[PDB]
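First, one chain by itself: the form deposited in one PDB entry, in structure tokens.
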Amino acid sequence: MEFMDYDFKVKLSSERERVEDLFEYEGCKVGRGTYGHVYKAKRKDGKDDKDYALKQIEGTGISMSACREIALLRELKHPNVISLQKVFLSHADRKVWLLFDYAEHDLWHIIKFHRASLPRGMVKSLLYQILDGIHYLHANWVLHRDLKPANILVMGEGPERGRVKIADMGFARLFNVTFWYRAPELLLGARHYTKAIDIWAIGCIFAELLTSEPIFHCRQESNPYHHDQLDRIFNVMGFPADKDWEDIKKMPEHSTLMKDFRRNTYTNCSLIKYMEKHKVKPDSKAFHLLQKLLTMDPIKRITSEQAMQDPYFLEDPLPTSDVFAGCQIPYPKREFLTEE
């Protein structure tokens, strides 16, 4: 069958911009994952000297992830959300490629760098821009649903130095593995994603930036109920009293929770004691903000707008648009992946 006009077809093929004609990226892979492959790339035509990131989406064709990430980034524009510069569709092999400005850094690498051994100004400034970006996303009816340090990019040297960029809309959703960042309502079977779910993830990231450890670290283990991840959360937070989370009774897995757990097991456990062992003062404005983000009952969790208004951000030092604050960036640049 020939469904397309021949003249139209040759014309399109003559004029099509091809990723491999525009960009040099062979042997320049810097990331590999379930998302697909990320490359650091330069324009072949030398018309500028900028670094670009190229994401070859996992799989072939227009999957649900490719579809979401294209559809949403096509619309979104905020200094704290990664900008979709261009989409290349490769017809021969049905690969989809996305083009972004290259972000040298990300929170995963930054936090690891510190743990292998975090300035408070930078911590605050990071948090402020994450909230800024998530608020924008929320105000535009988008839930991210996979916030984690690997998805929080930070721009290196250049005209956006120290700027946070939220990335990976692969799981994002209009609302109108590793479970360290997963809100407890999800672990208890809540069927809907909500804004409050993103906010919990941001509290997890904030704790990790304060201490250099993932607050709900847990080893790897289908259904939404994850026993050991819940156990780790109660060990840090305490087991919620009935008055802390009245709707806990309505969670599909509540009776499983009642079967597997006794609250008495966690009577000396609280966020205060945890953060104290890791040198964060229960007194601090930092701590009080953290406790509002990491509230077990999602309806009692603060919103991003209210979090941005928190007096923590009015306390010295003020958050800066460059999270590195004119200081020298000690973090290593991403390495090229040369493996098979």
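Throughout, we count residues from 1 along the sequence that is shown. Between two forms, the rigid core is the largest collection of C-alphas that superpose within 1.5 Å.
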item: Cross-entry absence of residue 267, a third or more of other PDB entries; value: no
item: Unresolved residue 131 in a third or more of other entries flanked by modelled residues; value: no
item: Count class of deposited residues lacking coordinates, residue 255 to residue 256; value: none
item: Extent of unmodelled deposited sequence, residue 243 relative to residue 242; value: none
item: 247 to 255 or 194 to 202, whichever carries the higher mean Cα B-factor; value: 247 to 255
item: 119 to 127 or 230 to 238, whichever carries the higher mean Cα B-factor; value: 119 to 127
item: Criterion, highest CA B-factor; candidates, 262, 77, 165, 109; value: 262
item: Residue, from 174, 188, 207, 81, that the PDB entry assigns the highest Cα B-factor; value: 174
item: Record-listed C-alpha B factor of residue 169: chain third; value: middle
item: CA B-factor ranking of residue 300, expressed as a third of its chain; value: lowest
item: Third assignment of residue 276 from its chain's C-alpha B-factors; value: highest
item: Within-chain third of residue 221 by Cα B-factor, per the entry; value: highest
item: Assigned third (lowest, middle, highest) for the C-alpha B factor of residue 34; value: highest
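Keep in mind that the form deposited in another entry is not shown, yet the notes after this line are about it.
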| item | value |
| --- | --- |
| Entry of 35, 287, 52, 313 that shows, once the rigid core is matched between this form and the one not shown, a C-alpha shift of 2 Å or more | 35 |
| Threshold 2 Å Cα movement between this form and the one not shown at residue 77, rigid core reference | no |
| Residue 65 C-alpha moves between this form and the one not shown by 2 Å or more, core aligned | yes |
| Cα displacement of residue 170 between this form and the one not shown reaching 2 Å, rigid core superposed | yes |
